[PDB]
2 protein chains.
Amino acid sequence: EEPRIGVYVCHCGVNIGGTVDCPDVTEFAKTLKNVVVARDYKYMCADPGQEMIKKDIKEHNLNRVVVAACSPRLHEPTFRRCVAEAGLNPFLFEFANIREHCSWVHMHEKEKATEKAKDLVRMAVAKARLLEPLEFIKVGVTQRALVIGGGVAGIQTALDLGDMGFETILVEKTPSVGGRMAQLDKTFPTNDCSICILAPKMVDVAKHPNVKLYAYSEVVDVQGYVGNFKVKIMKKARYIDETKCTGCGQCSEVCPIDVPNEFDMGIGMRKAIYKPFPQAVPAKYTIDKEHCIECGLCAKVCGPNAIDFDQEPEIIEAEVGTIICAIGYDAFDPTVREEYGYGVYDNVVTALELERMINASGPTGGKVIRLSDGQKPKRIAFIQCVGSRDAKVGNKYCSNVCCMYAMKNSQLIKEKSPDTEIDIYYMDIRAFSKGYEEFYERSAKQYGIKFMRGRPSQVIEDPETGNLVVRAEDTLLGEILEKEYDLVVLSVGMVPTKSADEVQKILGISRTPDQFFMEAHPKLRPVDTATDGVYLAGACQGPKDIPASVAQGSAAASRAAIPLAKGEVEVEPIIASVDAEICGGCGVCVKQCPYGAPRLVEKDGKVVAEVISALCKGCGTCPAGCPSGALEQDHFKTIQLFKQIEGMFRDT
Amino acid sequence: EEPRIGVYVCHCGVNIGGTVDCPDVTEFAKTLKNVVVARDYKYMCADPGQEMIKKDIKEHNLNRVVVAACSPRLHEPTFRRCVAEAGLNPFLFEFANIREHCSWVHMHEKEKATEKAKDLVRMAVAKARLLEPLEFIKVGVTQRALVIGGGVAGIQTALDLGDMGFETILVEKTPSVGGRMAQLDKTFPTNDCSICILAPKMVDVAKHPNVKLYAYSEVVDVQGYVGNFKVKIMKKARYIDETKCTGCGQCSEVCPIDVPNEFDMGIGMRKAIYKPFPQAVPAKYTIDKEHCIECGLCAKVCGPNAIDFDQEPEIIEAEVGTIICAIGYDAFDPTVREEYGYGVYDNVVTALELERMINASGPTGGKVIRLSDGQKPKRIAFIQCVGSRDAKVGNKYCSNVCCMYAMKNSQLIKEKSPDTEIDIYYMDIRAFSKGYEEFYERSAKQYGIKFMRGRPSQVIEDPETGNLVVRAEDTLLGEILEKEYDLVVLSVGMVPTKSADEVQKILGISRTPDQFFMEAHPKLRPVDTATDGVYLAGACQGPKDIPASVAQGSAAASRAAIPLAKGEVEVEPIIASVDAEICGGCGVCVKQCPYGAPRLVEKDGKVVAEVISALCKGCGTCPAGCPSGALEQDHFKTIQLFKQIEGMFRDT
Ligand SMILES: Cc1cc2nc3c(=O)[nH]c(=O)nc-3n(C[C@H](O)[C@H](O)[C@H](O)COP(=O)(O)OP(=O)(O)OC[C@H]3O[C@@H](n4cnc5c(N)ncnc54)[C@H](O)[C@@H]3O)c2cc1C
Ligand SMILES: Cc1cc2nc3c(=O)[nH]c(=O)nc-3n(C[C@H](O)[C@H](O)[C@H](O)COP(=O)(O)OP(=O)(O)OC[C@H]3O[C@@H](n4cnc5c(N)ncnc54)[C@H](O)[C@@H]3O)c2cc1C
Ligand code: SF4
Ligand code: SF4
Ligand code: SF4
Ligand code: SF4
Ligand code: SF4
Ligand code: SF4
Ligand code: SF4
Ligand code: SF4
Ligand code: SF4
Ligand code: SF4
Ligand code: SF4
Ligand code: SF4
Ligand SMILES: [Fe+3]
């Protein structure tokens, strides 16, 4: 049948129309072969736009639709549903990106943007002509979810999913769940005890009938696609019998190797054999082989003889339908900001270190003290925006929680020591949510915490006393201050967790300019990722506080429960297949597929290749590498791409 | 059975122990009748403390436990589970608040705080003896949800729930869904059209097989409890047949009466027969009988003969298991801040009015013009924090979105008119989320938008030109500015929607100090309300942007789907019941219950009262008002409270 194309040019208000002469693109579109209808409209995704496309498909008997608008990554599915509702196969629809790829990047070159939009429409029309109707692959959904990361976000997702009756697996890297919230002393704006409100949830998750918690474990491989993921979990060896482990802690005294306690941010000192924190769930010990010397002194003291160095990590194979990534974040390392002297001056600390110092169960026994002499500081300075809103360190974003935790900890220090003078050096106080501005008002009126508007230039240590001097301009007075302090606290920003690189490669997700994981759309889909069946929850998606993280955990559980509840999802048939009449079995394609989909086989007495459709993810590498042309990826066939290339220069 | 009590005194590190002599309280506790065990421990809510109680319950065959520590509002559930795990009924457990209520408020009066702690332990022990074992009530959950409010939040909740396969009802007050987002032109920080994200969602929700949309309707009554709500929806009369209506609008051209358009904030003029905005869903028309003259001119042009002036509102009865409140918000009315002259000066407008002015489909055709002469403003001033962070107007909170929308609309005005000079008068720029600080950086570096740190003192109009003068201190220079402008935009804050009062009374939910709806807990239950089966989503819970509102919509869908998925929920048994042998049917209790649980009935030839257990929420008002003592609230019986009162002065 002959192509009958409908070209729709969107103005997107003035986002496109303001730069691209949309009516002119529409007139040009009509001059192309097979383009029987062409219209321009203010909002193509809106109800009148979709109804326009639909009505035209029926009235003008179109078999190809071209939408010249935003990015397919945003609305390709929207328009596929719109055309499918009118009876047109969704793979006979072609998107032409003239907004993100044209109007938004060529704002001061309108005539050239208009010319570029015409070529992109022509390139789309060129591919559209040779597109073919494909059947969306209906696949089943394994009734099981996987949550990676055991913090407040991941815990919330697994609790909601388990409460809905869905089998859920929760994988936690460290020996205990709880995340950074377990390291905090109290939480703003209520000043609630962090662990005192988090432990009940850690307990609920550990004994939930629908949640399988795998602590001290890591996801090492994820294969498959939405509804059919095959996941490999490595249950790391603690080198201590899990069942015979009482969790008393008497084998650590003998250990001669001291390791800096990660939980205490490097202030505290733990042993090779240890426990992360007192309220840890599950309550069990672990041997760190990265620092263990295998002297066996701990084994001589250990009664049960739970210690076993011949313990081997177990690889667990599990099948899940959806995956929620909630690996959280790490605190920025301020050593780079050399003028603040972190790592040089003893009394300059990060706010996360301060949290561990304030926390009752911390290394200093809940006592805020100077690391140089052990004395309690009488004067303290908080420096805001450390590692945030700073191009020199590559973090041009706001870490969201630093203004609030700085004011919070200042209140906690005042409650414990009212005579302590506290000054906060800031640019903007961001107390933007419920009770936050009130919390800010309170810090000053009730606790007498002082605020200086001015980002400090440098910190200088007095080598005689260990005291620090903060150099900064009081911008509200137009004068330079040089105030002395007993302790300087750096309000460090949030950065992606160290393992984020590994987790990205395993799930196949992307990152935003801030290096955190990328959501499908900031407003249309805040917890979904462009990768179907993979969602996000918490700080790994971007800097945010506890409630925002808990809300995302719940949101991710809802989004992740949709495929599980439906029990069936539709996946793209943009897969590779071998033309047996052309394949002479050269074997080049076999090793190119990382999923082993193409395989050599005997057919009609000779050897040919055959793609196992289910294992093909649709990359297009093997057809590109096929020297006979027998292999072709549906929707990205060489001929289709060839016509698309011709389209940039001429009509074909 | 004789009470066997176990009293546990917590030190909470030194939070209690540092003020209250805990070992002394423990000694005193042992002198009370029925106390078999009494122990003091550093952290009772920790694993060792919980195991200590569980072990003692079994080893000393205890039937009552008293924990003298923090507030039951924090750990009552924790200790309930702890004792229930040891076999002790959770209602035989009694909390004594000696931290929030004693050690934390009597820090400088240790002796008296110790004496007070002893009395509180004695008061608890006194009630404990007469406590009884109670069993939770199991009720079924109607597999249906109700979403009130058709904004982006409510739409998101309805879509997720419907996508999960749950029958959902979406009630929208105005003739179209979309909310305030529908009124915006673009949305920060992506500068997408509001329609980009919202319209496809409006489209989907209107044709969702599991969602019943009731536009131009209001919930007028809600009765029952979680899983068993009986709701009444009033389908208001549009005076047009929706099934017959095409939504062409030939009628709008013929109608001779002009009504101010609410959607355009009074800056637009609509007709008696109308469609809120061009992209409205349902794409149907409505007749405002408040202004219609009944000339019947619109009926002459309507082909399908849809106009019916004899239309009567229909009351729909529906049964739902859960309810999600997403009624949104209203823009603050700045008339009160008389110094800014809103409602006096023609060229002083609110940012929401500006949104309608700058929207292509708005009254001015997307042209920002002065309302005094129709001329385009060459100089514009944005005043931040209007109606927020201000005690004089009673709004001491941050409205969250004003810094961002002010910078967004300034970018939009510059794209349309680069020669326009824009100055933003602010205190703090709150660009706190992903891409926000970047958006802020961009407004200044790319668009040349200027920022003045100074909350303006007043605006003064030139009566001859209509131009405004902004009086403010440039705090970063310590000088007073008196700059002239062609248009002043007031960045109005968010306040609860007008109907919030009516909805609050229907659902039985509370409000936080900012007048927005109150969440169960800020940190851990951000979308649940203290009223079981009633959840929140969006701006009605507090000022927030679209990304957060969509996330809450999804979060609410997850939380609201838990009871629906379980199909069974439990209810606290701290309810009222009548002792038939004592009740002589005096009828005093009946009218005291706002839920109508106590009812008069005939039993064995005589009249007696009978509480319908499921309708009792457990307030204790009718038993308190019962003159025969036949009515009692389990867990708060008069005798139980009497002993508690005696306990303050002596041992019972
Ligand atoms: C100094 C400071 C003070 C703060 N104060 C407050 C406050 O007072 N109130 C407030 O609301 N918020 C506060 N915040 C923000 C708060 O810490 C976060 O909102 C919270 O930690 C986010 O929880 P999360 O689960 O998203 O991430 P996380 O808490 O970091 O949890 C992530 C979890 O996943 C695990 N994990 C990491 N990588 C992997 C992997 N590859 N595989 C498996 N598991 C993995 C981690 O070990 C961790 O347990 C503060 C932040 C800082 C830095
Ligand atoms: C001037 C301005 C500019 C803004 N710009 C941005 C921006 O650029 N980006 C951004 O992210 N955010 C922005 N915001 C914030 C944004 O408007 C909100 O986040 C968003 O509208 C939240 O939608 P909602 O569903 O929570 O409430 P709403 O949008 O207010 O929707 C509430 C819905 O419920 C309905 N309703 C009300 N009462 C009842 C009842 N009794 N029964 C039934 N239905 C009822 C209403 O008719 C309405 O449809 C801006 C706000 C303002 C004021
Ligand atoms: S290894 Fe043995 S001594 Fe060490 S905590 Fe476990 S049970 Fe106790
Ligand atoms: S064998 Fe390893 S864990 Fe045990 S005492 Fe020696 S160094 Fe410590
Ligand atoms: S939340 Fe506050 S301290 Fe933190 S990056 Fe933003 S402005 Fe800076
Ligand atoms: S690369 Fe092509 S010709 Fe070679 S075996 Fe594979 S499909 Fe056949
Ligand atoms: S196109 Fe080829 S290389 Fe790519 S996933 Fe498919 S079978 Fe593998
Ligand atoms: S039981 Fe209450 S008072 Fe005691 S340690 Fe726990 S939170 Fe603190
Ligand atoms: S989202 Fe895409 S189709 Fe919709 S108005 Fe914007 S550019 Fe147009
Ligand atoms: S003329 Fe009739 S069909 Fe057309 S929009 Fe008006 S009421 Fe609806
Ligand atoms: S009958 Fe009513 S709706 Fe129709 S034209 Fe007259 S005033 Fe307008
Ligand atoms: S978001 Fe900005 S303009 Fe709005 S109340 Fe807060 S500080 Fe003021
Ligand atoms: S108030 Fe008491 S005595 Fe009177 S009818 Fe009710 S239960 Fe009976
Ligand atoms: S105790 Fe309260 S809720 Fe219960 S039946 Fe009596 S008045 Fe109603
Ligand atoms: Fe506690």
# chains A, B, ... in the order shown; residues from 1 in each chain; ligands from 1
>>> residues_near_ligand(ligand="ligand 11", cutoff="12 Å", atoms="only C-alpha atoms and all ligand atoms", output="PyMOL selection string")
chain B and resi 238-240+249-259+270-275+285-302+306-309
>>> calpha_fit_rmsd(fixed="chain A", moving="chain B")
2.2 Å
>>> residues_around(residues="residue 224 (chain B)", least_positions_apart="5", cutoff="9 Å", atoms="only C-alpha atoms", output="ChimeraX atom specification")
/B:229-231,595,614-615
>>> write_last_selection(atoms="C-alpha atoms", output="PDB file, in the first residue's frame")
ATOM      1  CA  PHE B 229     -17.186   4.888  53.499  1.00  0.00           C
ATOM      2  CA  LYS B 230     -20.567   5.855  52.076  1.00  0.00           C
ATOM      3  CA  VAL B 231     -20.174   8.994  49.924  1.00  0.00           C
ATOM      4  CA  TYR B 595     -21.001   9.596  64.096  1.00  0.00           C
ATOM      5  CA  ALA B 614     -17.773   0.258  63.811  1.00  0.00           C
ATOM      6  CA  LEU B 615     -19.066   3.877  63.974  1.00  0.00           C
TER       7      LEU B 615
END
>>> closest_residue(among="A:356, A:606, A:30, A:650", to="ligand 6", atoms="only C-alpha atoms and all ligand atoms")
A:606
>>> closest_atom_pairs(of="chain A", to="ligand 8", cutoff="9 Å", atoms="only C-alpha atoms and all ligand atoms", output="Markdown table")
| residue | atom | partner | partner_atom_place_in_ligand_line | distance |
| --- | --- | --- | --- | --- |
| A:193 | CA | ligand 8 | 7 (S) | 7.2 |
| A:195 | CA | ligand 8 | 7 (S) | 8.8 |
| A:196 | CA | ligand 8 | 7 (S) | 5.4 |
| A:197 | CA | ligand 8 | 7 (S) | 8.3 |
>>> write_last_selection(atoms="N, CA, C and O atoms", output="PDB file, in the first residue's frame")
ATOM      1  N   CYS A 193      13.988  12.240  67.280  1.00  0.00           N
ATOM      2  CA  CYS A 193      15.204  11.447  67.311  1.00  0.00           C
ATOM      3  C   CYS A 193      15.176  10.661  66.025  1.00  0.00           C
ATOM      4  O   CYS A 193      14.187  10.002  65.732  1.00  0.00           O
ATOM      5  N   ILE A 195      17.031   7.893  64.773  1.00  0.00           N
ATOM      6  CA  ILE A 195      16.944   6.440  64.893  1.00  0.00           C
ATOM      7  C   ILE A 195      15.734   6.029  65.707  1.00  0.00           C
ATOM      8  O   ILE A 195      15.135   4.991  65.422  1.00  0.00           O
ATOM      9  N   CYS A 196      15.364   6.829  66.718  1.00  0.00           N
ATOM     10  CA  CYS A 196      14.218   6.502  67.549  1.00  0.00           C
ATOM     11  C   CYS A 196      12.910   6.398  66.695  1.00  0.00           C
ATOM     12  O   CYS A 196      12.010   5.677  67.094  1.00  0.00           O
ATOM     13  N   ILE A 197      12.811   7.080  65.528  1.00  0.00           N
ATOM     14  CA  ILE A 197      11.611   6.974  64.668  1.00  0.00           C
ATOM     15  C   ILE A 197      11.878   6.065  63.452  1.00  0.00           C
ATOM     16  O   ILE A 197      10.928   5.624  62.804  1.00  0.00           O
TER      17      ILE A 197
END
>>> residues_around(residues="region 620-626 of chain A", least_positions_apart="5", cutoff="6 Å", atoms="only C-alpha atoms", output="ChimeraX atom specification")
/A:589,592,631-633
>>> write_last_selection(atoms="N, CA, C and O atoms", output="mmCIF file, in the first residue's frame")
data_model
loop_
_atom_site.group_PDB
_atom_site.id
_atom_site.type_symbol
_atom_site.label_atom_id
_atom_site.label_comp_id
_atom_site.auth_asym_id
_atom_site.auth_seq_id
_atom_site.Cartn_x
_atom_site.Cartn_y
_atom_site.Cartn_z
ATOM 1 N N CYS A 589 28.171 -12.327 13.821
ATOM 2 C CA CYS A 589 27.153 -11.798 14.740
ATOM 3 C C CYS A 589 27.139 -12.405 16.140
ATOM 4 O O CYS A 589 26.884 -11.696 17.105
ATOM 5 N N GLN A 592 28.995 -10.666 19.072
ATOM 6 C CA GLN A 592 28.720 -9.228 19.210
ATOM 7 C C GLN A 592 27.635 -8.929 20.240
ATOM 8 O O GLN A 592 27.667 -7.871 20.866
ATOM 9 N N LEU A 631 20.937 -9.907 8.601
ATOM 10 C CA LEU A 631 20.466 -9.435 9.891
ATOM 11 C C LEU A 631 19.942 -8.021 9.754
ATOM 12 O O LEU A 631 20.621 -7.180 9.180
ATOM 13 N N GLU A 632 18.741 -7.750 10.278
ATOM 14 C CA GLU A 632 18.158 -6.408 10.232
ATOM 15 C C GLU A 632 17.404 -6.150 11.525
ATOM 16 O O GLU A 632 16.761 -7.057 12.044
ATOM 17 N N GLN A 633 17.476 -4.911 12.051
ATOM 18 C CA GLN A 633 16.782 -4.548 13.279
ATOM 19 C C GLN A 633 15.512 -3.868 12.847
ATOM 20 O O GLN A 633 15.574 -2.838 12.181
#
>>> closest_atom_pairs(of="chain B", to="ligand 12", cutoff="8 Å", atoms="only C-alpha atoms and all ligand atoms", output="tab-separated table")
residue	atom	partner	partner_atom_place_in_ligand_line	distance
B:383	CA	ligand 12	3 (S)	7.9
B:384	CA	ligand 12	3 (S)	4.3
B:385	CA	ligand 12	8 (Fe)	3.5
B:386	CA	ligand 12	3 (S)	7.1
B:387	CA	ligand 12	5 (S)	7.7
B:388	CA	ligand 12	5 (S)	4.8
B:389	CA	ligand 12	5 (S)	5.9
B:397	CA	ligand 12	5 (S)	6.8
B:398	CA	ligand 12	5 (S)	3.7
B:399	CA	ligand 12	5 (S)	4.1
B:400	CA	ligand 12	1 (S)	3.7
B:401	CA	ligand 12	1 (S)	4.5
B:402	CA	ligand 12	4 (Fe)	3.7
B:403	CA	ligand 12	2 (Fe)	3.9
B:404	CA	ligand 12	1 (S)	6.9
B:406	CA	ligand 12	3 (S)	7.8
B:426	CA	ligand 12	3 (S)	7.0
B:427	CA	ligand 12	7 (S)	6.7
B:428	CA	ligand 12	7 (S)	5.3
B:429	CA	ligand 12	2 (Fe)	5.8
B:430	CA	ligand 12	2 (Fe)	5.3
B:491	CA	ligand 12	3 (S)	6.3
B:492	CA	ligand 12	4 (Fe)	7.7
B:493	CA	ligand 12	5 (S)	6.1
>>> write_last_selection(atoms="N, CA and C atoms", output="PDB file, in the first residue's frame")
ATOM      1  N   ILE B 383       7.846  41.537  43.224  1.00  0.00           N
ATOM      2  CA  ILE B 383       8.025  41.692  44.657  1.00  0.00           C
ATOM      3  C   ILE B 383       7.835  40.328  45.228  1.00  0.00           C
ATOM      4  N   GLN B 384       8.883  39.781  45.840  1.00  0.00           N
ATOM      5  CA  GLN B 384       8.814  38.450  46.406  1.00  0.00           C
ATOM      6  C   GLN B 384       8.198  38.420  47.782  1.00  0.00           C
ATOM      7  N   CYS B 385       7.806  37.213  48.209  1.00  0.00           N
ATOM      8  CA  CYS B 385       7.213  36.939  49.517  1.00  0.00           C
ATOM      9  C   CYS B 385       5.934  37.721  49.809  1.00  0.00           C
ATOM     10  N   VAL B 386       5.083  37.973  48.806  1.00  0.00           N
ATOM     11  CA  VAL B 386       3.845  38.708  49.066  1.00  0.00           C
ATOM     12  C   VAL B 386       2.810  37.747  49.649  1.00  0.00           C
ATOM     13  N   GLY B 387       2.505  37.928  50.937  1.00  0.00           N
ATOM     14  CA  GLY B 387       1.550  37.096  51.658  1.00  0.00           C
ATOM     15  C   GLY B 387       2.195  35.882  52.289  1.00  0.00           C
ATOM     16  N   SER B 388       3.534  35.878  52.365  1.00  0.00           N
ATOM     17  CA  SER B 388       4.303  34.777  52.940  1.00  0.00           C
ATOM     18  C   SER B 388       5.415  35.346  53.792  1.00  0.00           C
ATOM     19  N   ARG B 389       5.912  34.561  54.766  1.00  0.00           N
ATOM     20  CA  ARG B 389       6.989  35.020  55.647  1.00  0.00           C
ATOM     21  C   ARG B 389       6.605  36.373  56.199  1.00  0.00           C
ATOM     22  N   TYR B 397       4.890  31.356  56.983  1.00  0.00           N
ATOM     23  CA  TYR B 397       5.514  30.261  56.256  1.00  0.00           C
ATOM     24  C   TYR B 397       5.993  30.707  54.897  1.00  0.00           C
ATOM     25  N   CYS B 398       6.837  29.880  54.278  1.00  0.00           N
ATOM     26  CA  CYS B 398       7.367  30.117  52.949  1.00  0.00           C
ATOM     27  C   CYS B 398       6.362  29.454  52.012  1.00  0.00           C
ATOM     28  N   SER B 399       5.924  30.145  50.931  1.00  0.00           N
ATOM     29  CA  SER B 399       4.955  29.556  49.996  1.00  0.00           C
ATOM     30  C   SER B 399       5.644  28.673  48.949  1.00  0.00           C
ATOM     31  N   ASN B 400       6.930  28.373  49.177  1.00  0.00           N
ATOM     32  CA  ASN B 400       7.752  27.475  48.372  1.00  0.00           C
ATOM     33  C   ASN B 400       8.044  27.760  46.867  1.00  0.00           C
ATOM     34  N   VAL B 401       7.036  28.086  46.056  1.00  0.00           N
ATOM     35  CA  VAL B 401       7.193  28.276  44.599  1.00  0.00           C
ATOM     36  C   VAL B 401       7.407  29.685  44.058  1.00  0.00           C
ATOM     37  N   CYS B 402       7.193  30.704  44.862  1.00  0.00           N
ATOM     38  CA  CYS B 402       7.281  32.094  44.419  1.00  0.00           C
ATOM     39  C   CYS B 402       8.636  32.559  43.888  1.00  0.00           C
ATOM     40  N   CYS B 403       9.755  32.114  44.457  1.00  0.00           N
ATOM     41  CA  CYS B 403      11.058  32.545  43.940  1.00  0.00           C
ATOM     42  C   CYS B 403      11.233  32.007  42.536  1.00  0.00           C
ATOM     43  N   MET B 404      10.920  30.724  42.349  1.00  0.00           N
ATOM     44  CA  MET B 404      11.046  30.066  41.058  1.00  0.00           C
ATOM     45  C   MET B 404      10.090  30.605  39.990  1.00  0.00           C
ATOM     46  N   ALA B 406       8.736  33.475  39.772  1.00  0.00           N
ATOM     47  CA  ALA B 406       9.080  34.865  39.478  1.00  0.00           C
ATOM     48  C   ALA B 406      10.227  34.896  38.471  1.00  0.00           C
ATOM     49  N   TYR B 426      13.800  40.725  46.447  1.00  0.00           N
ATOM     50  CA  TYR B 426      13.759  39.533  47.284  1.00  0.00           C
ATOM     51  C   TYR B 426      14.518  39.650  48.621  1.00  0.00           C
ATOM     52  N   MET B 427      14.424  38.582  49.441  1.00  0.00           N
ATOM     53  CA  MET B 427      15.091  38.439  50.745  1.00  0.00           C
ATOM     54  C   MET B 427      16.033  37.249  50.603  1.00  0.00           C
ATOM     55  N   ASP B 428      15.485  36.101  50.158  1.00  0.00           N
ATOM     56  CA  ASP B 428      16.241  34.877  49.902  1.00  0.00           C
ATOM     57  C   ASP B 428      15.737  34.284  48.615  1.00  0.00           C
ATOM     58  N   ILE B 429      16.642  33.801  47.767  1.00  0.00           N
ATOM     59  CA  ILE B 429      16.244  33.164  46.528  1.00  0.00           C
ATOM     60  C   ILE B 429      16.243  31.711  46.879  1.00  0.00           C
ATOM     61  N   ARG B 430      15.068  31.086  46.866  1.00  0.00           N
ATOM     62  CA  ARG B 430      14.943  29.688  47.220  1.00  0.00           C
ATOM     63  C   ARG B 430      14.765  28.820  45.988  1.00  0.00           C
ATOM     64  N   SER B 491       4.420  38.615  43.816  1.00  0.00           N
ATOM     65  CA  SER B 491       4.570  37.174  43.884  1.00  0.00           C
ATOM     66  C   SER B 491       3.798  36.672  45.086  1.00  0.00           C
ATOM     67  N   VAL B 492       2.484  36.525  44.895  1.00  0.00           N
ATOM     68  CA  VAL B 492       1.563  36.078  45.928  1.00  0.00           C
ATOM     69  C   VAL B 492       1.823  34.656  46.373  1.00  0.00           C
ATOM     70  N   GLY B 493       1.687  34.425  47.671  1.00  0.00           N
ATOM     71  CA  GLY B 493       1.886  33.110  48.252  1.00  0.00           C
ATOM     72  C   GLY B 493       0.695  32.207  48.033  1.00  0.00           C
TER      73      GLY B 493
END
>>> residues_around(residues="residue 565 (chain A)", least_positions_apart="6", cutoff="9 Å", atoms="only C-alpha atoms", output="list in words")
residues 141 and 143 of chain A; 163, 164 and 165 of chain B
